[PDB]
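Reading through the structure tokens given below for one structure.
Chains as they are written, first to last, in the deposited numbering: chain x, 64 to 115; chain v, 1 to 63.
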């Protein structure tokens with residue numbers, strides 16, 4: 064149903080992340096959320112260390 | 001069948017105007033398969049509709 068690969072890329076970006084954009088925008092959002100996820104996991108590790 | 005004017009009686013836009021001999025008869029022996037093939041391959045490569053279709057396919061449709 065896609066007119067072209069550009070529109071299809073935009074649809075993929077919109078499906079994976081709320082913000083529409085290009086492949087670079089997809090990568091940037093995924094990198095930012097990966098950093099946040101790593102920070103949260105390190106926070107869990109810090110909770111374990113603190114309760115220790 | 002005579003042209004009272006000079007070389008201006010010929011039509012430069014004719015289909016075979018490039019192959020009309022005036023005094024360069026040494027070029028007749030150069031009309032072999034390879035040279036004609038290269039000339040026409042160059043023309044087909046320079047064809048405009050196919051080039052526009054290529055642009056549309058590879059840039060628009062394929063991103």
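No residue lacks a Cβ here, since even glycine has one placed at the ideal position from N, Cα and C.
Chain v contact for residue i (CB, 8 angstroms cutoff)
i                      : result
residue 107 of chain x : no
residue 72 of chain x  : yes
Residue i, enclosing alpha helix (DSSP H) - first and last residue
i                     : result
residue 26 of chain v : From DSSP, residue 26 of chain v is part of no alpha helix (DSSP H); its letter is neither H nor E.
residue 86 of chain x : 86-114
residue 71 of chain x : 68-79
residue 54 of chain v : 48-55
Chain-ordered neighbours of residue i on chain v, where CB pairs are closer than 8 angstroms
i                     : result
residue 68 of chain x : 61, 62 and 63
Proximal residues to residue i (C-beta, below 7 angstroms), its chain only, five neighbours per side dropped
i                     : result
residue 84 of chain x : 76
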